[PDB]
Amino acid sequence: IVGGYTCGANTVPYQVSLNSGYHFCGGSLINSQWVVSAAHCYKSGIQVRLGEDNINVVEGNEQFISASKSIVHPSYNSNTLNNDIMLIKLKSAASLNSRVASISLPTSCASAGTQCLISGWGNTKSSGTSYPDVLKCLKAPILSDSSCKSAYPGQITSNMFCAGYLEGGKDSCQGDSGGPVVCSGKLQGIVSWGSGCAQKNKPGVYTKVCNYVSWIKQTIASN
Ligand SMILES: [Ca+2]
């Protein structure tokens, strides 16, 4: 997160870190046994780390649970990043309390104008590299489909939306990928892609979760 603020410990209780020896991606806890993340985050050997604030210190609210199964979206295309979404089942159920909690799925899509909370342990510099230890947060609006498409001609599908600021300076970044975009208490987006970070006229591009709720629910029901 570039141009954000320190969230505060365990204030984003659905935020997870994906670990394969180091933090490499975010995700969101959507029930006690399932995590939603970006398909471009897929790899084997994932450990899900819940209840984190400082990813480099054991602080006392962590739960570390191995993935038992990963499911990339059937239609994921790694070249276009269309359908950049994946489900991870945990080997055991997480224990849910105030500091570790699931996030609601949307029953309807969000619209342009709605403010959202984006969070992660990704890079904090736009023209630089500095990775935080503690979770960072940014409040940002959804942008119109037209300004999204004008920012990225020929690249925005119906499964993507833009959020952030056209002026630059505030955005998600490398290492935030897979993490949440939550609007009025609903998981509306997944950190997916963008040209650089926090650059002028190059807002964040997010997976449009509302398009996937049917796939998410049926997948959970059968696995
Ligand atoms: Ca920790």
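The values are calculated or read from the model by the stated rules, or taken from the named source; no laboratory instrument gave them. Positions of Cβ are generated from backbone atoms using ideal geometry, with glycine treated the same way; all protein chains shown enter the neighbour counts.
Residue-by-condition table, conditions (1) within 16 Å of the ligand (Cβ to nearest atom); (2) aliphatic (A, V, I, L, M); (3) assigned by CATH to the domain that holds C25:
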| position | (1), (2), (3) |
| --- | --- |
| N61 | yes, no, yes |
| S66 | no, no, yes |
| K69 | no, no, yes |
| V72 | no, yes, yes |
| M86 | no, yes, yes |
| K89 | no, no, yes |
| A93 | no, yes, yes |
Output yes when any residue across the stretch 40-55 is of a type in the set (S, T, N, Q) and within 16 Å of the ligand (Cβ to nearest atom), and no when none is. yes
All conditions in (1) of a type in the set (V, I, T); (2) in the same structural domain as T157 (by CATH); (3) surrounded by 22 or more Cβ atoms within 10 Å (Cβ to Cβ) are true of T6 except (3)
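With the requirement that a residue be of a type in the set (A, V, I, L, M) and either within 15 Å of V35 (Cβ to Cβ) or outside any helix (DSSP H, G or I) (or both), what does the stretch 196-223 give you?
Taking the stretch 196-223 and keeping what is of a type in the set (A, V, I, L, M), we get 198, 205, 209, 213, 216, 220-221.
Result: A198, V205, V209, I216, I220.
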Select from the stretch 72-116 the residues that are in contact with a helix residue (DSSP H, G or I) (Cβ under 7 Å, 6 or more places away or on another chain) and among the hydroxyl-bearing types (S, T, Y) and list them in ascending order. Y76, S78, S108
Does the stretch 87-97 contain at least one residue that is surrounded by 13 or more Cβ atoms within 10 Å (Cβ to Cβ) and closer than 30 Å to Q155 by Cβ? yes
